[PDB]
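Participant: My structure is below; once you've seen it, I'll send some questions.
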Amino acid sequence: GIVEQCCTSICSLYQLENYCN
Amino acid sequence: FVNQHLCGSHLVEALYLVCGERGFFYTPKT
């Protein structure tokens with residue numbers, strides 16, 4: 001989930017946007 | 001701001017800025 005993708009690895013805009021409504 | 005390790009409040013704040021009026025969901029347990 002977001003922690004694995006953006007906190008323990010380097011985040012990206014592509015992945016952040018997966019969590020916008 | 002996006003292309004780094006973002007944790008906790010720092011991650012929430014990035015979601016806020018990127019998602020704007022869409023809003024977002026923050027689910028750290030998944």
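Residues in the structure tokens are numbered from 1 in each chain, the chains being A, B, ... in the order shown, and ligands are numbered from 1 in the order shown.
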List the neighbours of residue A:14 out to 12 Å using only C-alpha atoms; skip same-chain residues closer than 5 positions along the sequence, and give me the result as number ranges by chain.

Facilitator: A: 2, 5-6, 19-20; B: 2-3, 15, 18-19

Participant: Using DSSP assignments from the backbone, pull out every residue in chain A that falls under helix (DSSP H, G or I) and give it to me as a list in words.

Facilitator: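 So, restricting chain A to helix (DSSP H, G or I), we get residues 2, 3, 4, 5, 6, 7, 13, 14, 15, 16 and 17 of chain A.
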
Participant: Given only C-alpha atoms, how would the per-residue table for chain B near chain A read, listing every residue at most 7 Å away with its closest atom pair and distance in Å to one decimal, sorted by chain and number, as CSV?

Facilitator:
```
residue,atom,partner,partner_atom,distance
B:2,CA,A:12,CA,5.7
B:3,CA,A:12,CA,5.2
B:4,CA,A:10,CA,4.9
B:5,CA,A:10,CA,4.7
B:6,CA,A:7,CA,4.7
B:7,CA,A:7,CA,4.8
B:15,CA,A:16,CA,6.4
B:19,CA,A:20,CA,5.2
B:22,CA,A:21,CA,5.3
B:23,CA,A:21,CA,5.5
B:24,CA,A:20,CA,4.1
B:25,CA,A:19,CA,5.7
B:28,CA,A:3,CA,5.8
B:30,CA,A:1,CA,5.2
```

Participant: Save the residues we just selected, N, CA and C atoms, as a PDB file, in the first residue's frame?

Facilitator:
```
ATOM      1  N   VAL B   2       7.545  15.347  -4.426  1.00  0.00           N
ATOM      2  CA  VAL B   2       6.933  14.027  -4.565  1.00  0.00           C
ATOM      3  C   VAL B   2       7.990  12.919  -4.577  1.00  0.00           C
ATOM      4  N   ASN B   3       9.150  13.233  -5.162  1.00  0.00           N
ATOM      5  CA  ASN B   3      10.081  12.173  -5.540  1.00  0.00           C
ATOM      6  C   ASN B   3      11.136  11.899  -4.483  1.00  0.00           C
ATOM      7  N   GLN B   4      10.648  11.476  -3.313  1.00  0.00           N
ATOM      8  CA  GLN B   4      11.458  11.217  -2.147  1.00  0.00           C
ATOM      9  C   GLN B   4      10.685  10.265  -1.240  1.00  0.00           C
ATOM     10  N   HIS B   5      11.321   9.868  -0.136  1.00  0.00           N
ATOM     11  CA  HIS B   5      10.621   9.083   0.881  1.00  0.00           C
ATOM     12  C   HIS B   5       9.715  10.050   1.648  1.00  0.00           C
ATOM     13  N   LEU B   6       8.453   9.706   1.713  1.00  0.00           N
ATOM     14  CA  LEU B   6       7.432  10.515   2.376  1.00  0.00           C
ATOM     15  C   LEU B   6       6.731   9.629   3.381  1.00  0.00           C
ATOM     16  N   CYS B   7       6.845  10.056   4.652  1.00  0.00           N
ATOM     17  CA  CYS B   7       6.263   9.313   5.721  1.00  0.00           C
ATOM     18  C   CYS B   7       5.435  10.183   6.658  1.00  0.00           C
ATOM     19  N   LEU B  15      -0.171  14.148  -0.437  1.00  0.00           N
ATOM     20  CA  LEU B  15      -1.479  13.726  -0.927  1.00  0.00           C
ATOM     21  C   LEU B  15      -2.417  14.906  -1.004  1.00  0.00           C
ATOM     22  N   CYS B  19      -3.706  15.937  -4.675  1.00  0.00           N
ATOM     23  CA  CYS B  19      -5.072  15.521  -4.946  1.00  0.00           C
ATOM     24  C   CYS B  19      -6.027  16.701  -5.010  1.00  0.00           C
ATOM     25  N   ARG B  22     -10.117  16.840  -5.290  1.00  0.00           N
ATOM     26  CA  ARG B  22     -10.544  15.456  -5.332  1.00  0.00           C
ATOM     27  C   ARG B  22     -10.531  14.873  -3.913  1.00  0.00           C
ATOM     28  N   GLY B  23      -9.679  15.396  -3.046  1.00  0.00           N
ATOM     29  CA  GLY B  23      -9.427  14.640  -1.839  1.00  0.00           C
ATOM     30  C   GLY B  23      -8.682  13.330  -2.046  1.00  0.00           C
ATOM     31  N   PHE B  24      -8.546  12.568  -0.942  1.00  0.00           N
ATOM     32  CA  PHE B  24      -7.728  11.383  -0.974  1.00  0.00           C
ATOM     33  C   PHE B  24      -8.065  10.474   0.190  1.00  0.00           C
ATOM     34  N   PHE B  25      -7.526   9.266   0.115  1.00  0.00           N
ATOM     35  CA  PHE B  25      -7.602   8.337   1.243  1.00  0.00           C
ATOM     36  C   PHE B  25      -6.213   7.919   1.682  1.00  0.00           C
ATOM     37  N   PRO B  28      -2.626   3.532   5.878  1.00  0.00           N
ATOM     38  CA  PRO B  28      -1.286   3.037   6.129  1.00  0.00           C
ATOM     39  C   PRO B  28      -1.243   1.538   6.447  1.00  0.00           C
ATOM     40  N   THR B  30      -2.183  -1.546   4.961  1.00  0.00           N
ATOM     41  CA  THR B  30      -2.534  -2.383   3.803  1.00  0.00           C
ATOM     42  C   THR B  30      -1.253  -2.902   3.146  1.00  0.00           C
TER      43      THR B  30
END
```
